[PDB]
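Working notes, structure below.
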Amino acid sequence: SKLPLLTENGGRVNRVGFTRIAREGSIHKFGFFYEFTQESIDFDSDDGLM
Amino acid sequence: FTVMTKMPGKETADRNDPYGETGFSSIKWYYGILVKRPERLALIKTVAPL
Amino acid sequence: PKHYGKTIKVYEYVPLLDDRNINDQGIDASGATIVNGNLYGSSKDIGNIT
């Protein structure tokens with residue numbers, strides 16, 4: 001019932017349209033740290049601690 | 001398929017629109033089939049699960 | 001080796017994300033001192049991790 005049938009005379013029949021969609025996404029910030037003293041490095045038993 | 005495109009401008013500027021502010025694009029074709037041996041087309045009709 | 005007593009010792013370094021990592025260095029995202037300093041440790045729960 002919806003086929004776009006034309007005739008010999010043409011004319012403005014069977015007009016169509018279009019649409020589009022919008023997607024989105026966002027970024028976020030992260031991080032962490034740790035502290036130490038010089039003595040915790042120099043006098044520690046393990047020289048590969050850091 | 002025959003595709004006819006007319007962009008807005010002097011291409012579509014006529015006595016019904018001196019400014020040529022609109023365009024269009026159309027597609028048309030002819031199609032038909034000749035069924036020679038209908039008995040060689042087989043069809044089963046059945047219900048389908050949800 | 002001789003002249004070192006009867007015992008051998010060795011260190012094991014725990015990963016940061018580990019329930020075995022119990023330390024007092026934890027400061028949370030708000031800047032407040034917290035009991036654990038291993039983030040979510042060994043947890044696999046989405047709610048707890050978030």
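The chains in the structure tokens are called A, B, ... from first to last as shown; in each chain the residues are counted from 1, and the ligands are counted from 1 in the order shown.
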Discussion item. Set the cut-off to 10 Å and count only C-alpha atoms: what are the residues of chain C that reach chain A? Output as a PyMOL selection string.
Written reply: chain C and resi 11+13+25-29+37+39
Write out as a PDB file with N, CA and C atoms, in the first residue's frame which residues come within 10 Å of residue 10 in chain B when counting only C-alpha atoms, dropping same-chain ones fewer than 3 positions away.
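What follows is the written file around-v4.pdb:
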```pdb
ATOM      1  N   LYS B   6      19.066  18.868  -8.806  1.00  0.00           N
ATOM      2  CA  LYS B   6      19.164  20.277  -9.172  1.00  0.00           C
ATOM      3  C   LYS B   6      19.380  21.086  -7.903  1.00  0.00           C
ATOM      4  N   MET B   7      20.546  21.715  -7.794  1.00  0.00           N
ATOM      5  CA  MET B   7      20.898  22.459  -6.596  1.00  0.00           C
ATOM      6  C   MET B   7      20.283  23.858  -6.628  1.00  0.00           C
ATOM      7  N   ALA B  13      16.244  28.801 -10.569  1.00  0.00           N
ATOM      8  CA  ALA B  13      15.593  30.107 -10.547  1.00  0.00           C
ATOM      9  C   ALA B  13      14.697  30.233 -11.772  1.00  0.00           C
ATOM     10  N   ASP B  14      13.384  30.243 -11.550  1.00  0.00           N
ATOM     11  CA  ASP B  14      12.420  30.344 -12.640  1.00  0.00           C
ATOM     12  C   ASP B  14      11.366  31.397 -12.323  1.00  0.00           C
ATOM     13  N   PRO B  18      12.006  33.578  -8.409  1.00  0.00           N
ATOM     14  CA  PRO B  18      13.130  34.304  -9.022  1.00  0.00           C
ATOM     15  C   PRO B  18      14.435  34.165  -8.259  1.00  0.00           C
ATOM     16  N   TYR B  19      14.391  33.809  -6.978  1.00  0.00           N
ATOM     17  CA  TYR B  19      15.588  33.761  -6.152  1.00  0.00           C
ATOM     18  C   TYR B  19      16.278  32.402  -6.167  1.00  0.00           C
ATOM     19  N   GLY B  20      15.626  31.358  -6.674  1.00  0.00           N
ATOM     20  CA  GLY B  20      16.246  30.049  -6.753  1.00  0.00           C
ATOM     21  C   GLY B  20      16.675  29.517  -5.401  1.00  0.00           C
ATOM     22  N   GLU B  21      15.752  29.493  -4.444  1.00  0.00           N
ATOM     23  CA  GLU B  21      16.073  29.167  -3.062  1.00  0.00           C
ATOM     24  C   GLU B  21      15.896  27.691  -2.723  1.00  0.00           C
TER      25      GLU B  21
END
```
Residues of chain B within 10 Å of chain A, only C-alpha atoms counted, as an mmCIF file with N, CA and C atoms, in the first residue's frame:
```
data_model
loop_
_atom_site.group_PDB
_atom_site.id
_atom_site.type_symbol
_atom_site.label_atom_id
_atom_site.label_comp_id
_atom_site.auth_asym_id
_atom_site.auth_seq_id
_atom_site.Cartn_x
_atom_site.Cartn_y
_atom_site.Cartn_z
ATOM 1 N N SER B 25 16.072 16.292 -5.451
ATOM 2 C CA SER B 25 16.725 15.136 -6.045
ATOM 3 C C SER B 25 15.709 14.008 -6.125
ATOM 4 N N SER B 26 15.589 13.399 -7.302
ATOM 5 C CA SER B 26 14.608 12.352 -7.544
ATOM 6 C C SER B 26 15.299 11.115 -8.100
ATOM 7 N N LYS B 28 14.119 7.289 -10.113
ATOM 8 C CA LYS B 28 13.032 6.572 -10.764
ATOM 9 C C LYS B 28 13.598 5.371 -11.507
ATOM 10 N N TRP B 29 12.716 4.422 -11.811
ATOM 11 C CA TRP B 29 13.108 3.198 -12.499
ATOM 12 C C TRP B 29 11.857 2.477 -12.983
ATOM 13 N N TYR B 30 12.075 1.471 -13.825
ATOM 14 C CA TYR B 30 11.045 0.542 -14.260
ATOM 15 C C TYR B 30 11.386 -0.853 -13.753
#
```
Practice prompt. May I have the residues within 12 Å of residue 44 in chain C as a ChimeraX atom specification, using only C-alpha atoms and disregarding those fewer than 4 positions away in the same chain?
Written response: /C:17-19,40,48-50
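Interatomic distance, CA of residue 3 in chain A against CA of residue 33 in chain B: 16.5 Å.
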